[PDB]
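**Q** This is model-v3.cif, which holds mmCIF, C-alpha atoms:
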data_run
loop_
_atom_site.group_PDB
_atom_site.id
_atom_site.type_symbol
_atom_site.label_atom_id
_atom_site.label_comp_id
_atom_site.auth_asym_id
_atom_site.auth_seq_id
_atom_site.Cartn_x
_atom_site.Cartn_y
_atom_site.Cartn_z
ATOM 1 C CA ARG A 4 0.000 0.000 0.000
ATOM 2 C CA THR A 5 1.156 3.515 -0.976
ATOM 3 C CA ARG A 6 0.642 7.115 0.078
ATOM 4 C CA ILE A 7 -1.348 9.992 -1.415
ATOM 5 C CA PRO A 8 -1.058 13.746 -0.723
ATOM 6 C CA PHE A 9 -2.901 15.172 2.300
ATOM 7 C CA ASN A 10 -5.728 17.561 1.444
ATOM 8 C CA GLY A 11 -7.423 18.284 4.750
ATOM 9 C CA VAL A 12 -5.537 21.397 5.815
ATOM 10 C CA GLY A 13 -7.183 22.998 8.826
ATOM 11 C CA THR A 14 -9.134 19.921 9.874
ATOM 12 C CA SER A 15 -8.186 18.062 13.073
ATOM 13 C CA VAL A 16 -7.204 14.657 11.660
ATOM 14 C CA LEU A 17 -4.428 13.248 9.421
ATOM 15 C CA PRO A 18 -5.664 9.946 7.912
ATOM 16 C CA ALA A 19 -3.439 6.885 7.426
ATOM 17 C CA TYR A 20 -1.074 6.836 4.430
ATOM 18 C CA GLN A 21 -1.469 10.525 3.510
ATOM 19 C CA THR A 22 1.582 12.734 3.094
ATOM 20 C CA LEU A 23 1.625 16.034 4.963
ATOM 21 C CA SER A 24 4.170 18.438 3.487
ATOM 22 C CA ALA A 25 5.725 21.805 4.280
ATOM 23 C CA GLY A 26 3.251 24.601 4.895
ATOM 24 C CA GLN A 27 0.357 22.231 5.640
ATOM 25 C CA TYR A 28 -1.260 22.064 9.097
ATOM 26 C CA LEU A 29 -3.946 20.632 11.376
ATOM 27 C CA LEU A 30 -6.142 22.670 13.767
ATOM 28 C CA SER A 31 -7.927 21.478 16.899
ATOM 29 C CA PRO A 32 -11.713 21.651 16.585
ATOM 30 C CA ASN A 33 -11.746 24.714 18.875
ATOM 31 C CA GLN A 34 -9.050 26.368 16.720
ATOM 32 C CA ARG A 35 -6.729 27.053 19.662
ATOM 33 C CA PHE A 36 -3.979 24.619 18.579
ATOM 34 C CA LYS A 37 -2.189 24.160 15.263
ATOM 35 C CA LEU A 38 0.151 21.363 14.182
ATOM 36 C CA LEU A 39 2.418 22.691 11.460
ATOM 37 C CA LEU A 40 5.231 21.324 9.301
ATOM 38 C CA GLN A 41 7.610 24.255 8.802
ATOM 39 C CA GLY A 42 9.732 24.938 5.735
ATOM 40 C CA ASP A 43 12.837 24.543 7.891
ATOM 41 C CA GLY A 44 11.957 20.910 8.653
ATOM 42 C CA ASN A 45 10.647 21.337 12.201
ATOM 43 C CA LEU A 46 7.249 19.785 13.088
ATOM 44 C CA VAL A 47 5.620 22.164 15.518
ATOM 45 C CA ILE A 48 2.554 22.747 17.698
ATOM 46 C CA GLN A 49 1.435 26.347 18.253
ATOM 47 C CA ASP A 50 -0.896 27.608 20.970
ATOM 48 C CA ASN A 51 -2.968 30.615 19.951
ATOM 49 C CA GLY A 52 -0.026 31.408 17.686
ATOM 50 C CA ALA A 53 2.984 30.591 19.863
ATOM 51 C CA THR A 54 5.224 27.516 19.468
ATOM 52 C CA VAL A 55 4.955 25.322 22.558
ATOM 53 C CA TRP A 56 6.301 21.993 21.218
ATOM 54 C CA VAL A 57 8.802 20.664 18.680
ATOM 55 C CA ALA A 58 9.324 17.119 17.392
ATOM 56 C CA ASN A 59 12.781 15.985 18.517
ATOM 57 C CA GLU A 60 14.953 13.518 20.443
ATOM 58 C CA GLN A 61 13.708 14.839 23.772
ATOM 59 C CA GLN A 62 10.108 13.634 23.303
ATOM 60 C CA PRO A 63 9.385 10.561 25.445
ATOM 61 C CA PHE A 64 8.484 7.372 23.524
ATOM 62 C CA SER A 65 9.956 8.514 20.225
ATOM 63 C CA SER A 66 13.056 7.402 18.353
ATOM 64 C CA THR A 67 15.367 9.204 15.940
ATOM 65 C CA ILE A 68 17.277 7.181 13.314
ATOM 66 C CA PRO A 69 19.450 8.187 10.309
ATOM 67 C CA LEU A 70 17.925 9.049 6.946
ATOM 68 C CA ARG A 71 20.399 8.054 4.221
ATOM 69 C CA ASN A 72 18.268 8.641 1.111
ATOM 70 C CA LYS A 73 19.038 12.185 -0.080
ATOM 71 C CA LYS A 74 16.079 12.087 -2.491
ATOM 72 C CA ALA A 75 13.516 11.945 0.334
ATOM 73 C CA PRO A 76 11.225 15.008 0.407
ATOM 74 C CA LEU A 77 10.330 16.751 3.672
ATOM 75 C CA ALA A 78 7.219 14.830 4.738
ATOM 76 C CA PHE A 79 5.169 13.730 7.745
ATOM 77 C CA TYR A 80 2.808 10.726 7.590
ATOM 78 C CA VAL A 81 1.140 7.915 9.557
ATOM 79 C CA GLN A 82 1.593 4.163 8.974
ATOM 80 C CA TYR A 83 0.549 2.809 12.346
ATOM 81 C CA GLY A 84 3.432 4.805 13.810
ATOM 82 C CA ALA A 85 4.006 8.433 12.748
ATOM 83 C CA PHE A 86 7.124 9.404 10.731
ATOM 84 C CA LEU A 87 8.922 12.652 9.984
ATOM 85 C CA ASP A 88 11.421 12.410 7.075
ATOM 86 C CA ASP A 89 13.801 15.357 7.365
ATOM 87 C CA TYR A 90 16.873 14.971 5.145
ATOM 88 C CA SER A 91 18.096 18.453 6.088
ATOM 89 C CA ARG A 92 19.096 16.918 9.415
ATOM 90 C CA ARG A 93 19.736 13.395 8.086
ATOM 91 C CA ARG A 94 16.979 12.079 10.364
ATOM 92 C CA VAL A 95 13.735 10.162 10.631
ATOM 93 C CA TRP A 96 11.810 10.990 13.781
ATOM 94 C CA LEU A 97 9.188 8.400 14.668
ATOM 95 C CA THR A 98 6.788 7.422 17.451
ATOM 96 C CA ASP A 99 7.114 4.324 19.642
ATOM 97 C CA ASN A 100 3.504 3.042 19.670
ATOM 98 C CA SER A 101 1.840 0.517 21.950
ATOM 99 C CA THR A 102 2.316 -3.105 20.898
ATOM 100 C CA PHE A 103 0.302 -3.780 17.726
ATOM 101 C CA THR A 104 -2.410 -6.441 17.732
ATOM 102 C CA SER A 105 -3.096 -6.915 14.014
ATOM 103 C CA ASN A 106 -1.906 -5.763 10.603
ATOM 104 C CA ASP A 107 -5.344 -4.300 10.020
ATOM 105 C CA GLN A 108 -4.440 -1.532 12.472
ATOM 106 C CA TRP A 109 -2.235 -0.015 9.755
ATOM 107 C CA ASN A 110 -5.341 0.914 7.722
ATOM 108 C CA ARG A 111 -7.386 2.270 10.686
ATOM 109 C CA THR A 112 -4.878 4.387 12.644
ATOM 110 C CA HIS A 113 -4.944 8.160 12.185
ATOM 111 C CA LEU A 114 -3.517 11.207 13.989
ATOM 112 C CA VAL A 115 -5.853 13.512 15.954
ATOM 113 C CA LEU A 116 -5.077 17.013 17.231
ATOM 114 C CA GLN A 117 -7.321 17.278 20.327
ATOM 115 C CA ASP A 118 -8.840 20.416 21.904
ATOM 116 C CA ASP A 119 -6.406 20.000 24.861
ATOM 117 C CA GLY A 120 -3.336 20.341 22.662
ATOM 118 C CA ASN A 121 -2.366 16.638 22.756
ATOM 119 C CA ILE A 122 -1.691 14.828 19.482
ATOM 120 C CA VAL A 123 -2.885 11.252 19.648
ATOM 121 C CA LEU A 124 -2.656 8.245 17.347
ATOM 122 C CA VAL A 125 -6.028 6.500 17.355
ATOM 123 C CA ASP A 126 -6.986 3.078 16.027
ATOM 124 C CA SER A 127 -10.420 4.085 14.730
ATOM 125 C CA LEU A 128 -13.277 2.090 13.186
ATOM 126 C CA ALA A 129 -16.667 3.601 12.294
ATOM 127 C CA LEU A 130 -19.136 0.767 12.846
ATOM 128 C CA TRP A 131 -22.097 2.897 11.679
ATOM 129 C CA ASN A 132 -22.219 6.352 10.104
ATOM 130 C CA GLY A 133 -25.661 7.910 9.839
ATOM 131 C CA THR A 134 -24.470 10.997 7.993
ATOM 132 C CA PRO A 135 -21.827 9.963 5.429
ATOM 133 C CA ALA A 136 -21.700 13.419 3.819
ATOM 134 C CA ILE A 137 -20.770 15.147 7.095
ATOM 135 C CA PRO A 138 -17.089 14.887 8.105
ATOM 136 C CA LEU A 139 -16.130 12.956 11.238
ATOM 137 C CA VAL A 140 -14.413 15.372 13.640
ATOM 138 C CA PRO A 141 -12.587 13.680 16.556
ATOM 139 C CA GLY A 142 -11.158 15.526 19.587
ATOM 140 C CA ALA A 143 -13.798 18.220 20.149
ATOM 141 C CA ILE A 144 -14.844 19.102 23.688
ATOM 142 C CA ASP A 145 -18.125 20.060 21.886
ATOM 143 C CA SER A 146 -19.203 16.578 20.931
ATOM 144 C CA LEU A 147 -21.804 14.599 22.844
ATOM 145 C CA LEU A 148 -20.782 11.005 23.662
ATOM 146 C CA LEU A 149 -23.153 8.349 24.954
ATOM 147 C CA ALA A 150 -21.716 5.233 26.576
ATOM 148 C CA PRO A 151 -23.214 1.768 26.000
ATOM 149 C CA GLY A 152 -26.228 1.324 28.297
ATOM 150 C CA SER A 153 -27.720 4.813 27.841
ATOM 151 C CA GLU A 154 -31.471 5.372 27.518
ATOM 152 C CA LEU A 155 -32.613 8.168 25.241
ATOM 153 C CA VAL A 156 -35.486 9.466 27.364
ATOM 154 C CA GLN A 157 -38.454 10.444 25.181
ATOM 155 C CA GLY A 158 -38.658 14.221 24.740
ATOM 156 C CA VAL A 159 -35.261 15.032 26.225
ATOM 157 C CA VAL A 160 -33.060 17.208 24.019
ATOM 158 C CA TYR A 161 -29.431 15.995 24.031
ATOM 159 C CA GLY A 162 -27.239 18.786 22.692
ATOM 160 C CA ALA A 163 -23.839 19.165 21.040
ATOM 161 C CA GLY A 164 -23.205 22.820 20.357
ATOM 162 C CA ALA A 165 -26.121 23.932 18.170
ATOM 163 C CA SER A 166 -26.898 20.360 17.074
ATOM 164 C CA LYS A 167 -29.206 17.940 18.909
ATOM 165 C CA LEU A 168 -30.458 14.361 19.146
ATOM 166 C CA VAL A 169 -34.074 13.707 20.225
ATOM 167 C CA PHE A 170 -36.339 10.703 20.712
ATOM 168 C CA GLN A 171 -39.451 12.724 19.829
ATOM 169 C CA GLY A 172 -43.077 12.744 20.945
ATOM 170 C CA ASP A 173 -44.095 11.336 17.525
ATOM 171 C CA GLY A 174 -41.763 8.359 18.051
ATOM 172 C CA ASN A 175 -39.094 9.375 15.551
ATOM 173 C CA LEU A 176 -35.411 9.404 16.543
ATOM 174 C CA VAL A 177 -33.863 12.469 14.893
ATOM 175 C CA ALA A 178 -30.524 14.267 14.760
ATOM 176 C CA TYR A 179 -30.587 17.986 13.891
ATOM 177 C CA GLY A 180 -27.690 20.012 12.463
ATOM 178 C CA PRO A 181 -26.614 23.562 13.427
ATOM 179 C CA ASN A 182 -28.934 25.250 10.903
ATOM 180 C CA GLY A 183 -31.936 23.607 12.546
ATOM 181 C CA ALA A 184 -32.537 21.076 9.754
ATOM 182 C CA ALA A 185 -32.576 17.282 10.209
ATOM 183 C CA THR A 186 -29.344 15.511 9.261
ATOM 184 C CA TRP A 187 -30.583 11.948 9.965
ATOM 185 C CA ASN A 188 -33.675 10.131 11.269
ATOM 186 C CA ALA A 189 -34.618 6.531 11.998
ATOM 187 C CA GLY A 190 -38.002 6.954 10.295
ATOM 188 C CA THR A 191 -39.930 5.505 13.229
ATOM 189 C CA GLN A 192 -42.638 8.189 13.538
ATOM 190 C CA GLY A 193 -46.171 6.813 13.911
ATOM 191 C CA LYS A 194 -45.134 3.172 14.366
ATOM 192 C CA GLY A 195 -45.822 3.071 18.104
ATOM 193 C CA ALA A 196 -42.212 3.409 19.300
ATOM 194 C CA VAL A 197 -41.965 3.227 23.100
ATOM 195 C CA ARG A 198 -38.234 3.152 23.785
ATOM 196 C CA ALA A 199 -34.888 4.226 22.302
ATOM 197 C CA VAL A 200 -31.644 2.939 23.755
ATOM 198 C CA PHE A 201 -27.924 2.747 22.986
ATOM 199 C CA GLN A 202 -27.503 -0.757 24.427
ATOM 200 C CA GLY A 203 -24.754 -2.352 26.512
ATOM 201 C CA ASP A 204 -23.884 -4.485 23.475
ATOM 202 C CA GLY A 205 -23.210 -1.392 21.358
ATOM 203 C CA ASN A 206 -26.436 -1.599 19.341
ATOM 204 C CA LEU A 207 -28.635 1.504 18.862
ATOM 205 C CA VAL A 208 -32.255 0.272 18.983
ATOM 206 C CA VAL A 209 -35.760 1.757 18.717
ATOM 207 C CA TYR A 210 -38.347 -0.587 20.261
ATOM 208 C CA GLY A 211 -42.110 -0.638 19.702
ATOM 209 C CA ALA A 212 -44.911 -2.173 21.742
ATOM 210 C CA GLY A 213 -44.193 -5.762 22.740
ATOM 211 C CA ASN A 214 -40.430 -5.337 22.672
ATOM 212 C CA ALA A 215 -40.694 -5.332 18.875
ATOM 213 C CA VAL A 216 -37.714 -3.952 16.975
ATOM 214 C CA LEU A 217 -38.554 -0.938 14.810
ATOM 215 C CA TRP A 218 -35.037 0.097 13.779
ATOM 216 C CA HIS A 219 -31.438 -0.609 14.774
ATOM 217 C CA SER A 220 -27.920 0.298 13.691
ATOM 218 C CA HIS A 221 -26.725 -3.323 13.271
ATOM 219 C CA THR A 222 -23.754 -2.706 15.546
ATOM 220 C CA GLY A 223 -24.515 -5.458 18.066
ATOM 221 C CA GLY A 224 -21.531 -7.138 19.733
ATOM 222 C CA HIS A 225 -19.228 -4.165 20.380
ATOM 223 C CA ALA A 226 -19.354 -3.376 24.080
ATOM 224 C CA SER A 227 -16.558 -0.813 23.754
ATOM 225 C CA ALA A 228 -18.181 1.363 21.068
ATOM 226 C CA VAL A 229 -19.529 4.874 21.746
ATOM 227 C CA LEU A 230 -22.277 6.926 20.120
ATOM 228 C CA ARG A 231 -21.188 10.417 19.124
ATOM 229 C CA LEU A 232 -23.159 13.461 18.001
ATOM 230 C CA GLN A 233 -20.896 16.250 16.721
ATOM 231 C CA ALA A 234 -21.659 19.976 16.758
ATOM 232 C CA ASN A 235 -21.691 19.829 12.956
ATOM 233 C CA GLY A 236 -24.678 17.429 12.878
ATOM 234 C CA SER A 237 -22.729 14.192 12.360
ATOM 235 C CA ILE A 238 -24.011 11.084 14.124
ATOM 236 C CA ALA A 239 -22.034 7.828 14.258
ATOM 237 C CA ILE A 240 -21.020 4.819 16.338
ATOM 238 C CA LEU A 241 -17.276 4.228 16.695
ATOM 239 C CA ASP A 242 -14.921 1.626 18.130
ATOM 240 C CA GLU A 243 -11.693 3.462 19.048
ATOM 241 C CA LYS A 244 -8.523 3.119 21.112
ATOM 242 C CA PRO A 245 -5.356 5.277 21.294
ATOM 243 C CA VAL A 246 -1.860 3.867 20.650
ATOM 244 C CA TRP A 247 0.326 6.981 21.240
ATOM 245 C CA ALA A 248 0.244 10.615 22.445
ATOM 246 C CA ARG A 249 2.785 13.411 23.111
ATOM 247 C CA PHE A 250 1.776 13.650 26.774
ATOM 248 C CA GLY A 251 -0.128 11.554 29.300
ATOM 249 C CA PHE A 252 0.483 8.346 27.312
ATOM 250 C CA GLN A 253 2.600 5.512 28.676
ATOM 251 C CA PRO A 254 2.814 2.153 26.859
ATOM 252 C CA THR A 255 1.682 0.161 29.908
ATOM 253 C CA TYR A 256 -1.042 2.527 31.213
ATOM 254 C CA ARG A 257 -4.764 1.948 30.725
ATOM 255 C CA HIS A 258 -6.422 4.383 28.320
ATOM 256 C CA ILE A 259 -9.601 6.217 29.308
ATOM 257 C CA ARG A 260 -11.778 9.166 28.191
ATOM 258 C CA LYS A 261 -11.872 12.335 30.304
ATOM 259 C CA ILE A 262 -15.202 13.029 32.055
ATOM 260 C CA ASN A 263 -17.399 16.038 32.863
ATOM 261 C CA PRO A 264 -18.259 16.843 36.470
ATOM 262 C CA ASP A 265 -21.582 15.251 35.420
ATOM 263 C CA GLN A 266 -19.792 11.907 34.875
ATOM 264 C CA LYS A 267 -20.458 12.080 31.114
ATOM 265 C CA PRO A 268 -17.489 11.078 28.892
ATOM 266 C CA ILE A 269 -15.778 13.658 26.669
ATOM 267 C CA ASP A 270 -14.051 12.945 23.317
ATOM 268 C CA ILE A 271 -10.587 13.534 24.858
ATOM 269 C CA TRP A 272 -8.172 10.713 25.688
ATOM 270 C CA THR A 273 -6.138 10.505 28.871
ATOM 271 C CA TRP A 274 -4.214 7.713 30.660
ATOM 272 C CA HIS A 275 -4.243 5.552 33.814
#
Show this structure as structure tokens.
**A**
Amino acid sequence: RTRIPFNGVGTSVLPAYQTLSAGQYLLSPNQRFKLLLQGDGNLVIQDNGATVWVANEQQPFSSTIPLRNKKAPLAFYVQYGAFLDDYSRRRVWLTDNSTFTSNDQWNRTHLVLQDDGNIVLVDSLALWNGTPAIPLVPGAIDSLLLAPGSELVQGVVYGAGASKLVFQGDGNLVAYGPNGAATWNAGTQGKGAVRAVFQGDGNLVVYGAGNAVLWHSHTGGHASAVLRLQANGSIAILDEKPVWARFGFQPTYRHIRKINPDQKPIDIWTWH
């Protein structure tokens, strides 16, 4: 498998096998942080415009080895681990990830620039995507996450920025985008729906009278998945785990999502 040029400048994610080159950058969803590859060959993170981090030998859990090939362009990319090819300093700087579990991880692992300024490599699989035309945006403190085993109480408005998810009075389960228009619905209005639940088994289900199934996401059997509504109107169910970060991460620590004072999980990774 081979690489193609990155074309998501200003988004918060660098997908697998895409080449980021000089002048290109990521931004955190809240726009505070920027990850930038400079013309001089330094990979840098800036905080509201000021450099606060540089990729080099001093970063824990990273290695630097010699780059011999003089024909190698200045480039930064992800192939499970992340790599910075910088011939101007005869070096490849790379991340020391957690132990890999399957070759398939190479296709699923992307880099995220989170709202807290951490950059994190995430093994990410979208089990169900209700809104394929709306970009997935990881790492936003804005997003609403529901953990497996969460009831969507009829009539309650669950918000993410200006977007919302509602199990309505008419029985429909609907996600609304920031302009007030519907981005996705289950189409269960007027069928006698009594209950909507993101189950312990990772399945999103709308039940009618007599425990009858009216609609479901077909994501049964993934107890580690989460349901996420983004402020941009995206709704999806994802199975994700981190394999590296610039801070917080240690190879032997347990990964976990940060939580609100309300005990609700936030789309920000931390460790042990």
**Q** I'd like the residues picked by the PyMOL selection byres ((chain A and resi 117-127) around 10) written out as JSON, numbers by chain, using the chain letters and numbers from the file.
**A** {"A": [15, 16, 17, 30, 31, 32, 33, 34, 35, 36, 37, 38, 48, 49, 50, 55, 56, 81, 83, 84, 85, 98, 100, 107, 108, 109, 110, 111, 112, 113, 114, 115, 116, 128, 129, 130, 140, 141, 142, 143, 144, 145, 241, 242, 243, 244, 245, 246, 247, 248, 249, 250, 251, 252, 270, 271, 272, 273]}
**Q** Can you tell me, as a list in words, what residues are no more than 9 Å from residue 192 in chain A when counting all atoms listed in the file, ignoring any on the same chain fewer than 3 positions away?
**A**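 After dropping sequence-adjacent residues, the list is residues 171, 172, 173, 174, 175, 176, 189, 195 and 196 of chain A.
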**Q** Looking at all atoms listed in the file, which of A:266, A:233, A:166, A:54 is the one that sits closest to residue 138 in chain A?
**A** A:233
**Q** Find, counting only C-alpha atoms, the residue in A:212, A:269, A:228, A:97 that gets nearest to residue 131 in chain A.
**A**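 Of all the options, A:228 lies closest to residue 131 in chain A.
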**Q** Please return, as a short mmCIF file (atom, residue, chain, number, x, y, z; two decimals) with C-alpha atoms, keeping the file's coordinate frame, all polymer residues that have at least one atom within 6 Å of the point (-22.4, -0.4, 25.9); use only C-alpha atoms and the file's own coordinate frame.
**A**
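result_22.cif was written with the following content:
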data_model
loop_
_atom_site.label_atom_id
_atom_site.label_comp_id
_atom_site.auth_asym_id
_atom_site.auth_seq_id
_atom_site.Cartn_x
_atom_site.Cartn_y
_atom_site.Cartn_z
CA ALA A 150 -21.72 5.23 26.58
CA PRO A 151 -23.21 1.77 26.00
CA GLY A 152 -26.23 1.32 28.30
CA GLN A 202 -27.50 -0.76 24.43
CA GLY A 203 -24.75 -2.35 26.51
CA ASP A 204 -23.88 -4.49 23.48
CA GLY A 205 -23.21 -1.39 21.36
CA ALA A 226 -19.35 -3.38 24.08
#
**Q** Which polymer residues have any atom within 10 Å of an atom of residue 211 in chain A, counting only C-alpha atoms, with same-chain residues fewer than 6 positions away left out, as a PyMOL selection string?
**A** chain A and resi 174+191+194-199+217-218
**Q** Name the closest residue to residue 227 in chain A among the candidates A:165, A:262, A:177, A:149; distances are taken between atoms, counting all atoms listed in the file.
**A**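 Of the candidates, the smallest distance to residue 227 in chain A is held by A:149.
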**Q** So the first atom is CA of residue 219 in chain A and the second is CA of residue 206 in chain A; what is the distance between them in Å, to one decimal place?
**A**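 Between CA of residue 219 in chain A and CA of residue 206 in chain A the gap is 6.8 Å.
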**Q** Here's the selection I'm unsure about, the PyMOL selection byres ((chain A and resi 46) around 6); applied to the file above, which residues does it give, as a PyMOL selection string?
**A** chain A and resi 39-40+45+47+57-58
**Q** I'd like the neighbourhood of residue 78 in chain A as an MDAnalysis selection string, where a residue qualifies if any of its atoms comes within 9 Å (using all atoms listed in the file), though same-chain residues fewer than 4 positions away should be ignored.
**A** chainID A and resid 22:25 40 44 86:89
**Q** With all atoms listed in the file as the atoms that count, which of A:101, A:69, A:59, A:184 lies nearest to residue 256 in chain A?
**A** A:101
**Q** What does the structure give for the distance between CA of residue 235 in chain A and CA of residue 158 in chain A, in Å to one decimal?
**A**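 Result for CA of residue 235 in chain A versus CA of residue 158 in chain A: 21.4 Å, one decimal.
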**Q** With all atoms listed in the file as the atoms that count, which of A:139, A:26, A:183, A:92 lies nearest to residue 67 in chain A?
**A**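 For residue 67 in chain A, the nearest of the given residues is A:92.
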**Q** So what do you get for CA of residue 21 in chain A versus CA of residue 62 in chain A, distance-wise?
**A**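 According to the coordinates, CA of residue 21 in chain A and CA of residue 62 in chain A are separated by 23.1 Å.
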**Q** What are the centre and the three edge lengths of an axis-aligned box that wraps all atoms of range 183-199 of chain A in the file, given that 5 Å is added to every side, written as AutoDock Vina command-line options and rounded to one decimal in Å?
**A**
--center_x -37.8 --center_y 13.3 --center_z 16.5 --size_x 26.8 --size_y 30.5 --size_z 24.5
**Q** Taking the partial coordinates given, rebuild range 42-61 of chain A to contain N, CA and C atoms; return it as a compact mmCIF listing (two decimals), keeping the file's coordinate frame.
**A**
# COMPACT_ATOMS: atom_id res chain seq x y z
N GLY A 42 8.81 25.02 6.85
CA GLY A 42 9.73 24.94 5.74
C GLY A 42 11.12 24.51 6.18
N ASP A 43 11.49 24.85 7.41
CA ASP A 43 12.84 24.54 7.89
C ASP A 43 12.99 23.10 8.38
N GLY A 44 11.91 22.33 8.32
CA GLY A 44 11.96 20.91 8.65
C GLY A 44 11.55 20.56 10.08
N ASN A 45 11.21 21.57 10.87
CA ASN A 45 10.65 21.34 12.20
C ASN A 45 9.12 21.07 12.17
N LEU A 46 8.68 20.03 12.88
CA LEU A 46 7.25 19.78 13.09
C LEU A 46 6.87 20.39 14.42
N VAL A 47 5.87 21.27 14.40
CA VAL A 47 5.62 22.16 15.52
C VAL A 47 4.14 22.23 15.93
N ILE A 48 3.90 22.44 17.23
CA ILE A 48 2.55 22.75 17.70
C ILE A 48 2.53 24.17 18.25
N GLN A 49 1.57 24.97 17.80
CA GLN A 49 1.44 26.35 18.25
C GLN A 49 0.15 26.53 19.03
N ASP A 50 0.23 27.33 20.09
CA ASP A 50 -0.90 27.61 20.97
C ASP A 50 -1.32 29.06 20.81
N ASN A 51 -2.53 29.28 20.31
CA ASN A 51 -2.97 30.62 19.95
C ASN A 51 -1.80 31.40 19.36
N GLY A 52 -1.01 30.74 18.51
CA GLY A 52 -0.03 31.41 17.69
C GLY A 52 1.41 31.33 18.16
N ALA A 53 1.64 30.70 19.31
CA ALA A 53 2.98 30.59 19.86
C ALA A 53 3.46 29.14 19.98
N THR A 54 4.64 28.86 19.43
CA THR A 54 5.22 27.52 19.47
C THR A 54 5.42 27.03 20.90
N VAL A 55 4.85 25.88 21.21
CA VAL A 55 4.96 25.32 22.56
C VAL A 55 5.49 23.88 22.55
N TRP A 56 5.80 23.36 21.36
CA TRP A 56 6.30 21.99 21.22
C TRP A 56 6.99 21.77 19.88
N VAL A 57 8.06 20.98 19.89
CA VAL A 57 8.80 20.66 18.68
C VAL A 57 9.14 19.17 18.67
N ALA A 58 8.98 18.53 17.51
CA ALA A 58 9.32 17.12 17.39
C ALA A 58 10.84 16.93 17.40
N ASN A 59 11.36 16.35 18.48
CA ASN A 59 12.78 15.98 18.52
C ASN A 59 13.13 14.86 19.50
N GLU A 60 14.44 14.66 19.69
CA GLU A 60 14.95 13.52 20.44
C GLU A 60 14.51 13.54 21.91
N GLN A 61 14.10 14.71 22.38
CA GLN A 61 13.71 14.84 23.77
C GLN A 61 12.29 14.35 24.09
